[PDB]
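Working notes, beginning with the structure itself.
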There are 2 protein chains.
Amino acid sequence: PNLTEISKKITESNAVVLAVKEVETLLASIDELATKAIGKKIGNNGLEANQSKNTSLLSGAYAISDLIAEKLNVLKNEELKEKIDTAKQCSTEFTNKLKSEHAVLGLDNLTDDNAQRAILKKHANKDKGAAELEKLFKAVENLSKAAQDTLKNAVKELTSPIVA
Amino acid sequence: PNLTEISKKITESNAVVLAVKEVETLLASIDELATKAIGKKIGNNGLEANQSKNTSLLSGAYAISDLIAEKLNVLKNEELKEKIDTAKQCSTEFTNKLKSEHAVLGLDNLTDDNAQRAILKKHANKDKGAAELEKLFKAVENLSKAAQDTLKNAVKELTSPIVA
């Protein structure tokens, strides 16, 4: 089958899957910060309660959001360009929302509720980033599905006839 | 070549590469927190100075370290078991070091220097986690190389004769 030169199709469609997972995992880390570290402090047993001091925690989410923008800014693939752009745009709006809410997410005694309105996707109130975060989550999700299936083709069209 | 059933060898040796990258990216996020968010606050322009308030930031690193342990705890592969175990062990010691230093990393006005001694690998002083973090970094790095090369085999042995 094409001298099985499907390798190039498999190695490259893979570098995409890899690149996107990275962005995926970075979102998952922000979500871990959100669901596990908000209003918490490092305790002798592990994490425990410490409310209204999520300022630096928020700076961490922002940082990871910047790294996320960087990654997408460099993700290049013609057939996927679409899904990549929307993801990139969501990335921007999410980072931009946090920024505009700097007067609160940047103030020292940041309360948990306010933090969650910024980085906790399932929070009842999402008027400080969560909403945008959510969309960034979905965008990357579809960008992922789109690339993962592409990979499966190059791999599965290995145990199929040549041409059609 | 083995009815090109190398697919199974490629799809599986890939699920390993994927799983490990995830763990890799999680370390990279902790490092981003370390090199970009310590002693910072979300500002109208982006991140800016705000020293001695890295408590919640540290809770985030701890959280991501817990998620990291979880991932490795579930990473299973016979031929790699070795490199996986050492990584898992480094994971434990790193998380355990942060925990034992809870009296400082869990106190509200955590100074930047103290934070960096915990999660900044290149810091001059690494007596609060950095040292362990570093090792966790190297362990996963080798676990990665080991799996990535494995993948290349299953892919490259696609454009090579059957058997030997």
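In the structure tokens, chains take the letters A, B, ... in the order shown, each chain's residues start at 1, and ligands count up from 1 in the order shown.
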>> For a quick test of understanding: name the residues of chain A lying within 6 Å of chain B when counting only C-alpha atoms, and present them as a list in words.
In response: residues 22, 25, 33, 37, 41, 42, 43, 44, 54, 56, 57, 59, 60, 99, 102 and 106 of chain A
>> Can you tell me which residues surround residue B:126 at a distance of at most 12 Å, considering only C-alpha atoms, apart from same-chain residues fewer than 2 positions away, and format the answer as a list in words?
In response: residues 94, 97, 98, 113, 114, 115, 116, 117, 118, 119, 120, 121, 122, 123, 124, 128, 129, 130, 131, 132, 133, 134 and 135 of chain B
Keeping N, CA, C and O atoms for every residue in the selection just given, could you write it to a file as a short mmCIF file (atom, residue, chain, number, x, y, z; two decimals), in the first residue's frame?
data_model
loop_
_atom_site.label_atom_id
_atom_site.label_comp_id
_atom_site.auth_asym_id
_atom_site.auth_seq_id
_atom_site.Cartn_x
_atom_site.Cartn_y
_atom_site.Cartn_z
N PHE B 94 8.93 13.66 45.75
CA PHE B 94 8.73 15.08 45.48
C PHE B 94 7.51 15.58 46.24
O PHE B 94 7.59 16.60 46.94
N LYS B 97 8.17 15.63 49.90
CA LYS B 97 9.03 16.71 50.37
C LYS B 97 8.23 17.97 50.59
O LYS B 97 8.44 18.69 51.56
N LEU B 98 7.33 18.27 49.66
CA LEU B 98 6.50 19.46 49.77
C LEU B 98 5.69 19.36 51.06
O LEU B 98 5.63 20.30 51.86
N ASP B 113 11.57 33.26 47.33
CA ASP B 113 12.72 32.39 47.51
C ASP B 113 12.29 31.02 48.03
O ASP B 113 12.72 29.99 47.51
N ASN B 114 11.44 31.01 49.05
CA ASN B 114 10.98 29.74 49.59
C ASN B 114 10.16 28.94 48.59
O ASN B 114 10.23 27.71 48.56
N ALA B 115 9.40 29.63 47.75
CA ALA B 115 8.60 28.96 46.74
C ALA B 115 9.55 28.32 45.75
O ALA B 115 9.42 27.14 45.42
N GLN B 116 10.51 29.11 45.28
CA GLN B 116 11.49 28.63 44.31
C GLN B 116 12.29 27.44 44.83
O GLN B 116 12.69 26.58 44.06
N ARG B 117 12.55 27.40 46.14
CA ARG B 117 13.29 26.28 46.71
C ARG B 117 12.42 25.03 46.65
O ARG B 117 12.88 23.91 46.88
N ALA B 118 11.14 25.23 46.33
CA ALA B 118 10.20 24.13 46.25
C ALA B 118 9.90 23.65 44.83
O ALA B 118 9.90 22.45 44.57
N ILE B 119 9.64 24.58 43.91
CA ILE B 119 9.28 24.18 42.55
C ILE B 119 10.11 24.71 41.39
O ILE B 119 9.78 24.42 40.24
N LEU B 120 11.17 25.48 41.66
CA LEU B 120 12.02 26.01 40.59
C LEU B 120 13.30 25.19 40.50
O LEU B 120 14.25 25.43 41.24
N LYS B 121 13.32 24.24 39.58
CA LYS B 121 14.46 23.34 39.38
C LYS B 121 15.86 23.95 39.34
O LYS B 121 16.81 23.38 39.89
N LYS B 122 16.01 25.09 38.68
CA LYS B 122 17.32 25.73 38.55
C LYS B 122 17.70 26.65 39.71
O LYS B 122 18.77 27.25 39.68
N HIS B 123 16.85 26.76 40.72
CA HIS B 123 17.17 27.64 41.83
C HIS B 123 18.45 27.23 42.54
O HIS B 123 18.74 26.03 42.66
N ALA B 124 19.21 28.22 43.00
CA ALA B 124 20.48 27.96 43.69
C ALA B 124 20.27 27.05 44.89
O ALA B 124 21.11 26.22 45.20
N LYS B 128 13.58 22.29 49.33
CA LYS B 128 12.18 22.22 49.70
C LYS B 128 11.31 21.59 48.62
O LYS B 128 10.10 21.77 48.62
N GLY B 129 11.94 20.84 47.72
CA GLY B 129 11.21 20.18 46.67
C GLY B 129 11.91 20.19 45.33
O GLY B 129 11.94 19.17 44.64
N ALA B 130 12.49 21.34 44.98
CA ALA B 130 13.18 21.50 43.70
C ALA B 130 14.09 20.33 43.36
O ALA B 130 14.04 19.80 42.25
N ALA B 131 14.91 19.92 44.33
CA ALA B 131 15.81 18.80 44.13
C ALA B 131 15.00 17.57 43.72
O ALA B 131 15.31 16.93 42.72
N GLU B 132 13.97 17.25 44.50
CA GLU B 132 13.14 16.09 44.18
C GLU B 132 12.44 16.32 42.85
O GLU B 132 12.36 15.41 42.02
N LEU B 133 11.94 17.53 42.64
CA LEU B 133 11.26 17.88 41.41
C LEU B 133 12.16 17.54 40.23
O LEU B 133 11.76 16.86 39.28
N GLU B 134 13.39 18.04 40.32
CA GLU B 134 14.40 17.82 39.30
C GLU B 134 14.49 16.34 38.94
O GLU B 134 14.38 15.97 37.77
N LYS B 135 14.67 15.50 39.95
CA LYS B 135 14.75 14.07 39.71
C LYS B 135 13.48 13.54 39.06
O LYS B 135 13.54 12.69 38.18
#
>> I'd like to know which residues of stretch 57-129 of chain A are helix (DSSP H, G or I) (by DSSP, run on the backbone); could you write them as an NGL selection string?
In response: :A and (57-73 or 81-100 or 102-105 or 112-119)
> Distance atom CA of residue B:162-atom CA of residue B:1, one decimal place?
Replying inline: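 These atoms are spaced 4.5 Å apart.
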Residues within 9 Å of residue B:143, please, as an mmCIF file with C-alpha atoms, in the first residue's frame. Count only C-alpha atoms; anything in the same chain fewer than 2 positions from it doesn't count.
data_model
loop_
_atom_site.group_PDB
_atom_site.id
_atom_site.type_symbol
_atom_site.label_atom_id
_atom_site.label_comp_id
_atom_site.auth_asym_id
_atom_site.auth_seq_id
_atom_site.Cartn_x
_atom_site.Cartn_y
_atom_site.Cartn_z
ATOM 1 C CA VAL B 20 3.812 9.695 29.252
ATOM 2 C CA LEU B 80 9.283 -0.185 30.714
ATOM 3 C CA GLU B 82 11.697 -0.174 35.459
ATOM 4 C CA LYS B 83 11.727 3.424 34.217
ATOM 5 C CA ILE B 84 8.094 3.728 35.320
ATOM 6 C CA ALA B 87 9.503 7.861 38.009
ATOM 7 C CA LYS B 138 14.699 13.379 34.731
ATOM 8 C CA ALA B 139 12.860 10.157 35.550
ATOM 9 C CA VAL B 140 9.899 11.012 33.334
ATOM 10 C CA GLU B 141 12.327 12.263 30.693
ATOM 11 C CA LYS B 145 12.791 8.630 25.530
ATOM 12 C CA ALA B 146 12.350 4.919 26.219
ATOM 13 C CA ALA B 147 8.766 4.892 24.927
ATOM 14 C CA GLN B 148 9.253 7.325 22.056
#
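One finds atom CA of residue A:13 at 7.7 Å from atom CA of residue A:154.
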